[PDB]
Amino acid sequence: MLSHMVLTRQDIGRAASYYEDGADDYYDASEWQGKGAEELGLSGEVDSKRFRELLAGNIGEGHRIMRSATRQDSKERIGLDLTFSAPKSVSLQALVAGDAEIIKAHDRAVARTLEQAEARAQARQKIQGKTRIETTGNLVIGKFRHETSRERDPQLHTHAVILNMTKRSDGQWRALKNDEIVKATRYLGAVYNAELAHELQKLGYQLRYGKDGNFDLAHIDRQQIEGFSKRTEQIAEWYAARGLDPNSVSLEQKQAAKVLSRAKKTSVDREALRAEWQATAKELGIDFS
DNA sequence: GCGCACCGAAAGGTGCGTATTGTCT
Ligand SMILES: [Zn+2]
């Protein structure tokens with residue numbers, strides 16, 4: 001699954017806390033990606049300090065803060081979060097059964113997808129009143145891999161935070177024209193899927209493909225999957241309480257179901273959580289081969 | 001965005017809207 005969220009000033013708090021579900025993780029969880037990142041000397045582990053600066057449009061070398069041209073009647077844009085989420089059975093196999101190669105499978109599929117997102121990076125340039133749209137082919141991306149859902153289910157996902165910055169052909173840094181990435185969300189989600197399937201196939205898993213063109217590991221069925229999808233069950237209950245058909249809900253109804261069905265939830269011992277997953281998978285009769 | 005009005009300083013740049021699957025920031 002691939003979703004996007006345009007990030008603004010009010011989101012700067014959560015964007016920078018994409019470190020938080022990661023210290024207890026149990027697996028290089030932060031990583032820079034992008035030609036733009038390379039250009040800026042950014043490599044490997046994401047530095048929290050510099051991420052904040054970049055979020056704030058401070059390239060900090062010699063140059064001025066980006067995005068002054070942002071109107072005051074409108075929201076400043078700090079980046080673009082592309083959140084890649086594995087199918088449940090995949091998280092299960094990676095995080096309960098403990099298969100590290102699946103983590104790498106996931107990471108590669110994200111990295112490869114992001115490169116295709118990067119080919120789509122654009123900026124504007126106005127010359128003498130004439131505006132041109134330029135493909136810059138470069139993004140600055142801080143990637144934050146996470147392992148758990150808001151209900152503490154195994155949930156392998158990565159937040160690819162695209163900074164609102166790109167380097168034009170004339171060497172000038174500009175806000176990203178995000179159109180081609182945003183409107184390509186579904187196309188990018190299918191690239192993540194294809195690359196992930198391919199990776200899992202090389203590890204020797206068999207894939208069962210579904211209705212939607214999504215897939216799960218062949219040996220883990222739907223009931224097993226649902227026993228580890230608590231948020232899905234809470235959303236389903238929201239709908240049913242309101243007597244809504246999931247097939248035709250409006251955006252407002254969908255967003256309400258997702259946001260308002262959430263419980264207020266603590267942190268927890270991760271050694272203890274893992275053991276709980278494993279006991280839970282036994283209860284559900286899961287054979288991880 | 002379907003070229004605009006308002007940003008700061010460049011006869012220039014920005015958000016705006018964009019999206020829409022499930023495993024469910
Ligand atoms: Zn997360």
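Atom set for the values below is all heavy atoms of this structure, side chains included, hydrogens, waters and symmetry mates excluded. Naming convention: chains lettered A, B, ... in sequence-line order (proteins, then strands); numbering from 1 in each chain.
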Using the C1'-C2'-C3'-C4' torsion, classify the pucker of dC4(B) as north or south, with positive meaning north.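 Pucker of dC4(B): south.
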
Students should be able to answer this: classify the pucker of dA10(B) from the sign of its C1'-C2'-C3'-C4' torsion, north or south.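 South is the answer for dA10(B), its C1'-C2'-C3'-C4' torsion being negative.
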
Using the [atom1] atom in both, what is the distance from [N] to [M], to the nearest Å?
{"N": "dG17(B)", "M": "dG12(B)", "atom1": "P", "result": "26 Å"}
{"N": "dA19(B)", "M": "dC24(B)", "atom1": "P", "result": "25 Å"}
{"N": "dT14(B)", "M": "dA10(B)", "atom1": "P", "result": "14 Å"}
{"N": "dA9(B)", "M": "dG13(B)", "atom1": "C1'", "result": "11 Å"}
{"N": "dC2(B)", "M": "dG15(B)", "atom1": "P", "result": "15 Å"}
{"N": "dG1(B)", "M": "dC16(B)", "atom1": "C1'", "result": "7 Å"}
{"N": "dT18(B)", "M": "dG3(B)", "atom1": "P", "result": "15 Å"}

Verify whether one side chain among [X] and [Y] offers a donor that lies under 3.5 Å from an acceptor in the other.
{"X": "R231(A)", "Y": "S261(A)", "value": "yes"}
{"X": "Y18(A)", "Y": "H146(A)", "value": "no"}
{"X": "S3(A)", "Y": "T83(A)", "value": "no"}
{"X": "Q122(A)", "Y": "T135(A)", "value": "yes"}
{"X": "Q172(A)", "Y": "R174(A)", "value": "yes"}
{"X": "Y205(A)", "Y": "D99(A)", "value": "yes"}

Nucleotide [N], atom [atom2] - distance to [atom1] of [X] in whole Å:
{"X": "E134(A)", "N": "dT14(B)", "atom1": "CD", "atom2": "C1'", "result": "17 Å"}
{"X": "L251(A)", "N": "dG17(B)", "atom1": "CG", "atom2": "P", "result": "13 Å"}
{"X": "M165(A)", "N": "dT14(B)", "atom1": "CE", "atom2": "P", "result": "11 Å"}
{"X": "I181(A)", "N": "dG17(B)", "atom1": "CD1", "atom2": "P", "result": "19 Å"}
{"X": "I78(A)", "N": "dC16(B)", "atom1": "CD1", "atom2": "P", "result": "12 Å"}
{"X": "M66(A)", "N": "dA9(B)", "atom1": "CE", "atom2": "P", "result": "14 Å"}
{"X": "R9(A)", "N": "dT14(B)", "atom1": "CZ", "atom2": "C1'", "result": "15 Å"}

Is the shortest side-chain N/O distance from [X] to OP1 or OP2 of [N] below 4.0 Å?
{"X": "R124(A)", "N": "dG13(B)", "result": "no"}
{"X": "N164(A)", "N": "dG15(B)", "result": "yes"}
{"X": "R67(A)", "N": "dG8(B)", "result": "no"}

With the sugar-phosphate defined as primed atoms, P, OP1 and OP2, and the base as all remaining atoms, what B/S/- string results for nucleotides 18-25 of chain B, 5' to 3', for protein heavy atoms under 4.0 Å? BBSBBBBB

For DNA chain B, please output the secondary structure as dot-bracket, reading 5' to 3'. Pairs are Watson-Crick or G-U wobble, both atom distances under 3.5 Å; mark crossing pairs with [ ], other-strand partners with |, unpaired with a dot. ..(((((....))))).........

Ignoring hydrogens and angles, tell me if any N or O in the side chain of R145(A) forms a donor-acceptor pair with the backbone of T158(A) under 3.5 Å.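 Judged by distance alone, no pair lies under 3.5 Å.
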
Could you go through the side-chain hydrogen bond (donor to acceptor under 3.5 Å, both in side chains) check for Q155(A) and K88(A) one step at a time? CA-CA 7 Å; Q155(A) 182 55 12; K88(A) 191 54 63 171; 3.1 Å; yes

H159(A) vs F144(A), ring-ring contact (aromatic ring centres under 6.0 Å, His included): CA-CA, chis, key distance, verdict: CA-CA 5 Å; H159(A) 298 274; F144(A) 307 90; 7.8 Å; no

Which residues, ordered by chain and number, are linked to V259(A) in its hydrophobic cluster, where ILVMFWY side chains connect at heavy-atom gaps below 4.5 Å, directly or through other members?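 Members other than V259(A) - counting any ILVMFWY side chain reachable under 4.5 Å - there are none.
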
Heavy atoms only, 4.0 Å cut-off, all strands: where does [X] land among base, sugar-phosphate and nothing?
{"X": "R64(A)", "value": "sugar-phosphate"}
{"X": "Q72(A)", "value": "sugar-phosphate"}
{"X": "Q172(A)", "value": "nothing"}
{"X": "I65(A)", "value": "nothing"}

Closest nucleotide of DNA chain B for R71(A) versus for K177(A): which of these residues is on the 5' side?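 Its nearest nucleotide being more 5', the pick is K177(A).
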
5' priority, DNA chain B, between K75(A) and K126(A) [closest heavy atom]: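 Final value for this comparison: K126(A).
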
Taking CD in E226(A) as the centre, count heavy atoms belonging to other residues, nucleotides or ligands within less than 6.0 Å. Is the count above 12?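 Above 12, so yes.
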
From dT14(B), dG13(B), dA11(B), nucleotide with atom closest to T70(A) side chain: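 Among the listed nucleotides, the one closest to the side chain of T70(A) is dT14(B).
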
